[PDB]
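To begin, one chain is listed below as structure tokens, in the form deposited in one PDB entry.
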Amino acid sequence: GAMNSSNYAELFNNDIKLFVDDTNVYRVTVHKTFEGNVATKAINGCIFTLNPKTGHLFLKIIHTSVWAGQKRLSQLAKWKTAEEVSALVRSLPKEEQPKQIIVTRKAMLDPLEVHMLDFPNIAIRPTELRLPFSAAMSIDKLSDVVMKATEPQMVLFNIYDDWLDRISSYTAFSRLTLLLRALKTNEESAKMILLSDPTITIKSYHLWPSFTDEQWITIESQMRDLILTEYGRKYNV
């Protein structure tokens, strides 16, 4: 059934599973026309498909050409997502295929179920958690590769960098969701926290800065304060 706080540790067991977030698949800028009407212009998007145990991220870049001449794009985007996730599963060797796929938005359930009919043993699950994966395009290297794409492209990352050498996947996922929640709630302030010391460098082959264990404690503390503050600046408390 649905994934929630009560069954949270299931994410880090040894059954392969993927989260699928479609938030950033169909992305537009809304603008005025010469006649004073409003129009949209699409920009490149991405499917965020993530193994929470290993950190492996399958970033399918959605090039704006896929929308050309199509109607009801917000609806199409859910079915395009499901098409691409199904294609990804079919491309994986059997022993790498997931046993569950957890969609972050319930509106993905039927499109994914229909595209995965050939995989009756793969469970398609919703979640009650409010996961911050929409903020993935606040990660500079992810944003960069999406915007530069000139054609459909899949790019593979490990969203945990090398963290699993030193911490467990429960702790790594907690760190990731904290970073992404902060970026979602106040992007400028979160980026200041991560990047105001240029000597703590991002390795060429990484996404996040090369913080020591003690620096990660300080960073994580700063992210919590930002989230609680914004919750303050928001509701006035």
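By rigid core we mean the largest C-alpha set that fits within 1.5 Å across both forms. The first residue of the shown sequence is 1; numbering continues from there.
K.L.:
How do 168-176 and 30-38 compare in 9 other deposited structures of this protein: which one has C-alphas farther from this form after the rigid core is matched?
P.N.:
Looking at 168-176 versus 30-38 in 9 other deposited structures of this protein, the farther one turns out to be 30-38.
K.L.:
Mean CA B-factor: is it higher for 195-203 or for 181-189?
P.N.:
Per the PDB entry, the higher value belongs to 195-203.
K.L.:
Should the higher mean CA B-factor in the entry be assigned to 66-74 or to 26-34?
P.N.:
Higher of the two, by average CA B-factor, is 26-34.
K.L.:
Report the option among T104, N121, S138, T81 whose CA atom has the maximum B-factor in the deposited record.
P.N.:
Max CA B-factor in the entry, restricted to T104, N121, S138, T81: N121.
K.L.:
Where does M147 sit by CA temperature factor within its chain: lowest, middle or highest third?
P.N.:
Its C-alpha B-factor belongs to the middle third of this chain's values.
K.L.:
Sorting the chain's modelled residues by C-alpha B-factor, tell me whether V114 ends up in the lowest, middle or highest third.
P.N.:
Its C-alpha B-factor, which the entry lists for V114, ranks in the middle third among residues of this chain.
K.L.:
Among all modelled residues of this chain, ranked by Cα B factor, put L156 in the bottom, middle or top third, i.e. lowest, middle or highest.
P.N.:
Middle third by C-alpha B-factor.
K.L.:
Would you please rank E128 by its C-alpha temperature factor against the other modelled residues of its chain and give the third it falls in: lowest, middle or highest?
P.N.:
Highest third, going by the recorded CA B-factors of the chain.
K.L.:
How does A39 rank on Cα B-factor within its chain, lowest, middle or highest third?
P.N.:
It belongs to the highest third of the chain when residues are ordered by C-alpha B-factor.
What comes next is about the form solved in complex with a small molecule, which is not displayed.
K.L.:
So which of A149, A123, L109, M154 gets a non-hydrogen atom within 4.5 Å of the small molecule in the bound PDB entry?
P.N.:
Selected residue: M154.
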